[PDB]
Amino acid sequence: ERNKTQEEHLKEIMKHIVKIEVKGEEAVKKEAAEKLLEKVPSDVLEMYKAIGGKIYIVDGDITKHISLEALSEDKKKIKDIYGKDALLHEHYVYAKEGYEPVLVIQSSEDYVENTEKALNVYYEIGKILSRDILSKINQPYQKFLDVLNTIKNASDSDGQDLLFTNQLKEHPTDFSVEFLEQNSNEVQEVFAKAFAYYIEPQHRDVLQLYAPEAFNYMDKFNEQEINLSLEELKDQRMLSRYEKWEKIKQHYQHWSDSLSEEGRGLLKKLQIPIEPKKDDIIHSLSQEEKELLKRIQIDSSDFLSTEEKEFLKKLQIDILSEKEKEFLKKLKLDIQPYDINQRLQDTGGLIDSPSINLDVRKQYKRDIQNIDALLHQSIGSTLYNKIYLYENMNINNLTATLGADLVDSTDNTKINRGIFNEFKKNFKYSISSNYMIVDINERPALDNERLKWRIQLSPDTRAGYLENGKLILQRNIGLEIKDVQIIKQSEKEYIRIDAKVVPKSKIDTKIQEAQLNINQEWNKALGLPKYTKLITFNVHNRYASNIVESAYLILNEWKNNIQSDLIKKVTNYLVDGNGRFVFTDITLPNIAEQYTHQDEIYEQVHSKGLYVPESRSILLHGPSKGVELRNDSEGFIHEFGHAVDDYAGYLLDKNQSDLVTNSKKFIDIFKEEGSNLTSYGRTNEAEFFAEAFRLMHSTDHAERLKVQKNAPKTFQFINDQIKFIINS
């Protein structure tokens, strides 16, 4: 609480902006305004200074003062907190708006006694805050709009009565962003009004009494969130942005002047991946390979994407058979860009993962250990205290599935509130397994980047300084999420995510305890031995907590749509083989439940979900959008289909390990109905079975019906397998 400095700083701040100009009693008056302004959060006084504003404590008819003479006379008739018209040459306060803002307060000492006046002064200050300060950083916005609606659409109308004008009282629907746009003056007024009631200690109770939400809002805002407001406000100031950059630049001056050529080379290839060059791709294929290249109709594969498809296409132009699919599986590995940061993210930092050829694995490890040694100097310095860094991010990176509907379908400048709430839901902690490249001062994002992180670094956080005003951070950072809200920047809506850096171990302990909890819970629900390790969280990336919290939801859906005894028999079977329900955010090829049972590396599979018979495990990737699989639940249940196809076919030739989807009986059922369900289900036997199984146990009962009337024989089949397994 080295707050005495906050008083001394509030003292020094007053020093500049506060200009006393009275009779001669300059002491009883001067120290009177000190008591009046002390009630205000220090940080709003500094914001006012930032925008060049000044405070004058004068005597008599305030409209007389120099700064208010240039006042179009009509502006000489204001309104008090209560909305009753008054006359500036009769009032005691006024806040001149404009590019040279001014606050004029008629001296007094009874601000202590006359609560009404102080109240009014605070209201004018509240007005300065919402009309002169926050507007320069596009606030108030959605968050505050929510408070306003909470109030208008609340049981007791008293809240409205206390803070709303009839203009807002009578407004039909809630206050949209568009409303706050053409009624700016209006919202700013309510803000100031609530700010006022909150600041004047006598009225605080009334505010909390009839308008709790407004109270809680202004409470949190004046205690913590205002500091960030000041921060964002300083971020628009040129000299402020440059001063910050300079202190950081010189803190790392020695680190820089000492970086070698190899040093710089490393940081650079870490910023720009090296794309594969045709010339080499070709000179790595024996003629046999080479002609099967010119022969194979690239555009016929499946596992290959556009760029991958395209790139390959130029390999022919430069010079589905089971074997040739095996040829492409290889090329897919060799045509991937050398992207250090991508490698860390894909593996969650598990760089020994046998998901790529040994030669490149080693080159990635060599470059990574080297980068890890380069970024040895922590940010902590004597040139500054708390330090904020910024990062513009593409939401698909966290959740493609939600990223799909983030932007408003009709108006791309808007963020869809529904998806926003869902995205914000269980976002509490995050992890960085690669090197975050952040900006010293916030900068404009790319079109696909509607996520703007404001990260508070630890003085411990290690980083590297880049000449262009960015920092490369050490890998393995821990991040707690402090606030997620919609903001507007340059005619465009973004999702501001306020995060604080903490030790990665703190977050891991949270995940690790979560794993313990979820297994304790489901081992009991399923009747498994107390300590079986069934569910496993392999979490290492930026949407970390979501992977964790979605697991509970996924398994709950899983249990509420399937026969309890079907679950038990099957999961006991899985457990018997050391199976696992793996929820991860690293690509599947790096989960060993899959890779330790591969013959070749290229035989790897990455997708939304995957069932591995050898390990009897279900793997579910969080970040991606399952091939048009509504959500994670559908995907997990789909994978459970394969699980069943396994346990049923096992109860078939008991003495073996074959799938019940291989039976001639089903193959024929597929031969006829294999196209009635989904395209993905059309893929093959087991897939058709899994898709069918999935729809049958969908939450959408209409879904179930589709199978029943478009795959009747299949429907009756899956059911046969169910009773089979249940009674066996």
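From 1 onward, residues are counted along the sequence shown.
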Deposited residues omitted from coordinates between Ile319 and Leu320, as a class: 10 or more
Stretch with the greater mean C-alpha B-factor as recorded in the entry, comparing 539-547 against 152-160: 152-160
Taking the mean of the C-alpha B-factors per stretch from the entry, tell me the winner out of 57-65 and 659-667. 659-667
For the listed residues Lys49, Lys39, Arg694, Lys29, which one has the largest C-alpha B-factor as given in the deposited model? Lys29
Note to self: of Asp372, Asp334, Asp447, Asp299, the C-alpha temperature factor tops out at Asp299
Once the chain's modelled residues are ordered by C-alpha B factor and cut into thirds, is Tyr252 in the lowest, middle or highest one? lowest
Please place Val501 in the lowest, middle or highest third of its chain according to the CA B-factor in the PDB entry. lowest
On the chain's distribution of Cα B-factors, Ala86 falls within the third called highest
Using the B-factors in the PDB entry, rank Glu289's C-alpha atom against the chain and give the third, lowest, middle or highest. highest
So where's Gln342 on the chain's Cα temperature factor ranking, which third? lowest
